[PDB]
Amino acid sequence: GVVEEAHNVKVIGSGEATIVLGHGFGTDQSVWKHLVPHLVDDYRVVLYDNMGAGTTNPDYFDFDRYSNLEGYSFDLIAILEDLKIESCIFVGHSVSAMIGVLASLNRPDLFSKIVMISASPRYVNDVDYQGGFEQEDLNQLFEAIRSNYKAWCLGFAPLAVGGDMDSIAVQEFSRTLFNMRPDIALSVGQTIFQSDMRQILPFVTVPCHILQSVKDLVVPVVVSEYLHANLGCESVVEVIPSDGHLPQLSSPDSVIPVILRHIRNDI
C-alpha cells in the first residue's frame, strides 16, 4: 500500500493487543531493535519511519505539511487507519512522544496508553521554564547544520547518544543522521527544536508514562517533572540511571526492563 510503503511500515504478529512504536529525530525504526524481541510474543508490533527520515523518499517530504508537528500526527493516524487498528499502546521516542500526544488529542479512541522515551514539550528556556537550550544555542546548532552537515553529524552523534564516543550505537546514529537529506535535516531540526507543546498538555486524556535517561543532552530531568505536572491525564515518571537520548539503543541492559515494565503494567 501507498502509506505502508512510504513509511516503511512493518507489522509483526496478529491479534488485537497492539503496540505501535515511533522513533525520534535522526534515527529510524531500527532504534527499537533491542525492545521489539521482548514484545512480539505478547503483542502485535507495528514499526514505521517518520517522513523525512533518511530511509524515506525525499520527494514525499512536504515542507508545508511538516512545518508543524501536526503533519506527523496526521501521518500516524493515517498509518493506524490503514492498518485498521482500533486501539494501541503507543511508544514514542523523542519527538514521536509529542507526535503521539497530538494524535491522541484528535483521536483519543485509538490510544490506550502512551509511553514516552526522552520526550520534551519545549527545548527553549525562558525565565520560568528550563528546556535545556537558550535560543542562541539553537541558532549555533542550525548554523552548524547549514555550514557542514557531515561535520555536524560527526560531532552531534556522540553527544546525543552519550557513552563511549566510538560505540556501535554512536556509529549507528551518526549513519542514520547523515542519511537525511541536509535541507530536510535542517528544516525538521528547526521545526522540532523550536516547537512548543506546553500549552496543549492539559488537554491530554490518554494516560502517559514518562521515561528518560538521567543524563540526556537535550532533555533536562526537570522536563519529565514538567510533563508530569502539566499533563491533563493520569501519568507516571521514571528517570532511568542511564546515559543518552537514545537509551533503548545504546544502553538496553538497564533501559529495556524499565520500558517493558511501563508497557506491560498500567498506572
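All residue numbers refer to positions in the sequence shown, first residue = 1.
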Worksheet item: Per the entry, where is the mean C-alpha temperature factor higher: 150-158 or 115-123?
Response: 150-158
Worksheet entry | Stretch with the greater mean C-alpha B-factor as recorded in the entry, comparing 192-200 against 170-178 | 170-178
Worksheet item: Looking at 241, 54, 220, 207, which has the biggest Cα B factor in the entry?
Response: 54
Worksheet entry | Top residue by Cα temperature factor, when 185, 165, 103, 97 are compared in the entry | 165
Worksheet item: Can you tell me which third, lowest, middle or highest, the CA B-factor of residue 228 falls into for its chain?
Response: middle
Discussion item. Splitting the chain's C-alpha B-factors into thirds, which one does residue 62 fall into?
Written reply: highest
Worksheet, complete the sentence: Split the chain's modelled residues into thirds by Cα B-factor; residue 18 lands in the middle
Discussion item. Is residue 85 in the lowest, middle or highest third of its chain when residues are ranked by C-alpha B-factor?
Written reply: highest
Response to the item:
In terms of its chain's C-alpha B-factors, the third that includes residue 131 is the middle
